[PDB]
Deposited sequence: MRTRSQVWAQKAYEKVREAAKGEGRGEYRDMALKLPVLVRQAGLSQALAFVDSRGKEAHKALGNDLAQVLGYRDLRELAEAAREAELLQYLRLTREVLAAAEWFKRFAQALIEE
């Protein structure tokens, strides 16, 4: 799984590194992990869900990697989840976000 996440994140980041909004994508990629850790999953996703296209691009890519159709669907899932599933989703988002962060710092 981590490898599937590693691969998918790498794929998304490579594709993002060819766009004019790479620096902004990178900024969001490196910031999301700490946001999820300190503000909690739902607050972090709401922050991403709210200006520049590049920032939300990270959220959507990450959501897709997790098998969700878009950032909103992941946000919807986190809010609908019962407590145990919420913590599981947080752990999952955190792990996948670290990959986006690492490949973003290496490829951008």
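- Task: May I ask you to mark the stretches of the deposited sequence that the structure leaves without C-alpha coordinates?
- Result: The deposited sequence has unmodelled segments at 1-3, 54, 113-114.
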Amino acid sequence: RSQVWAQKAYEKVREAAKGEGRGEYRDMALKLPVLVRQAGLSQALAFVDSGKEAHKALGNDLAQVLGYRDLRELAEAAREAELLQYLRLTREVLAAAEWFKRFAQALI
From here on, numbers count along this sequence of modelled residues.
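- Report the stretch with the higher mean CA temperature factor, choosing between 76-84 and 35-43 on the basis of the entry. In the deposited entry, the stretch with the higher C-alpha B-factor mean is 76-84.
- Query: Between 96-104 and 15-23, which has the larger average Cα B-factor in the PDB entry?
  - Reply: Result of the comparison: 15-23.
- Item | CA B-factor placement of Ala29, once the chain's modelled residues are sorted into thirds | Ranked within chain, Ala29 CA B lands in the lowest tercile.
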